[PDB]
Amino acid sequence: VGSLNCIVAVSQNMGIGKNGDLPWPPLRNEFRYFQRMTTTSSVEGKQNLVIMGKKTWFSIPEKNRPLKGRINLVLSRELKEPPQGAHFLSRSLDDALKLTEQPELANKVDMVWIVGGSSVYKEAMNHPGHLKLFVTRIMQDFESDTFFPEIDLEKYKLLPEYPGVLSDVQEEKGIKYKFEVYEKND
Ligand SMILES: Nc1nc(=O)c2nc(CNc3ccc(C(=O)N[C@@H](CCC(=O)O)C(=O)O)cc3)cnc2[nH]1
C-alpha cells in the first residue's frame, strides 16, 4: 500500500455536510475532481481503497454507492457486516490500515483515501507518519451541521503546486472554489 490521503470539500465556515448531504448545490466538475483523485492508481498495488464512516456511506446516492473502481471500506462499531454494496468493514482506522497489508489487500491496493466522517478526518489527521490533505475550498458560507477539524498549519504545509491539480480559482453554478493540497510528516 502506497500513500495515505484525505480529501474534503469545505465551505467558508468549514462545513462539510447538512442533514447528510452537501451544504451547497451539486458542483459537477468538483465531483469530477473527487472522482479522478480517488480512482487513478499505480505503483504499490493496482486500485485505490476508499475509507469512510457509516454516515458518509449512506450520504452517497444509491445509484453510485459502491464508488465504481475503488475498494470501499466502511468504518463502524455498530455494524456487524458491511452495508449492501460495500466491500469491507472495520471497527476503526488502525484496524482498517492493518487490513491493507494482510494477504487480502496488501498486493491489490495502492493509495488509501479517507473521504468521510469528521471523526475519521480528525483521527486520520492525527495519524502519525506521512499524510496529505486534498482540500477543495468552497468560497462562501453554507448552512452546515457537520464540520471539518481545524488544520494545524504548524505541521501541515500548503504546497505551492501539485501536478494534476488546478491552482487558480474555479467557478460553477455561481460558486467559486479553489483546490489546495497540504502535506505533513509526523
Ligand atoms: N473534494 C471533495 N468533494 C466532495 O464532494 C467530497 N465529498 C465527500 C463525501 N460525500 C460524497 C457523496 C457522494 C459522492 C459521489 O456520489 N461520487 C461520484 C462522483 C462522480 C461525478 O458526479 O461526476 C464518485 O463516483 O466518486 C462522493 C462523495 C468527501 N470528500 C469530498 N471531497
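Ligands are counted one by one from 1 in listed order, and the atoms in each one are counted from 1 as well. Side-chain atoms are counted along with the backbone in the values below, which use heavy atoms only and exclude waters and symmetry mates. Just so you know, residue 1 is the first one in the sequence shown, and it goes up from there.
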Handout entry: Verdict with supporting geometry, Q47 and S41, side chain to side chain donor-acceptor pair (under 3.5 Å)
Key = CA-CA 6 Å; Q47 246 191 197; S41 164; over 6 Å; no
Salt bridge or not between [X] and [Y]? Use side-chain N to carboxylate O under 4.0 Å.
X	Y	answer
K54	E78	no
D152	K155	yes
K132	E183	no

For the residue pair [X] and [Y], what are the closest heavy atoms and their distance?
X	Y	value
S118	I16	OG-CD1, 3.7 Å
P25	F142	CD-CE2, 4.2 Å
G69	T39	O-CG2, 4.2 Å

Practice task
May I ask whether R70 places a heavy atom under 4.0 Å from ligand 1?
Solution key: yes
Problem - Any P61 heavy atom less than 4.0 Å to ligand 1 - result: yes
Handout entry: Aromatic ring pairing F134/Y162, orientation class (parallel under 30°, perpendicular over 60°, tilted between)
Key = perpendicular
Geometric N/O contact [X] with ligand 1, under 3.5 angstrom:
X	answer
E30	yes
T136	yes
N64	yes
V8	yes

Handout entry: Distance filter under 4.0 Å to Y121 heavy atoms, resulting ligand 1 atoms
Key = 29 (C), 30 (N)
Practice task
Pull out every atom of ligand 1 sitting under 4.0 Å from any heavy atom of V115, numbered as shown with elements.
Solution key: 8 (C), 9 (C), 29 (C), 30 (N)
Top protein contact for [atom], by heavy-atom distance:
atom	result
atom 20 (C) of ligand 1	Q35 NE2, 3.3 Å
atom 10 (N) of ligand 1	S59 OG, 3.9 Å
atom 31 (C) of ligand 1	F34 CD1, 3.4 Å

Handout entry: From the candidates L27, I60, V50, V10, the one that places a heavy atom nearest atom 11 (C) of ligand 1
Key = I60
Heavy-atom distances under 4.0 Å are what count here, so tell me which part of [X] touches ligand 1: side chain, backbone, both or neither.
X	value
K55	neither
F31	both
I7	both

Practice task
Determine yes or no for a side-chain-to-main-chain donor-acceptor pair under 3.5 angstrom, with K178 supplying the side chain and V135 the backbone.
Solution key: no
Practice task
List the steps, then state whether side-chain contact (heavy atoms from CB on, under 4.5 Å) holds for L89 with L73.
Solution key: CA-CA 5 Å; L89 175 81; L73 184 161; over 6 Å; no
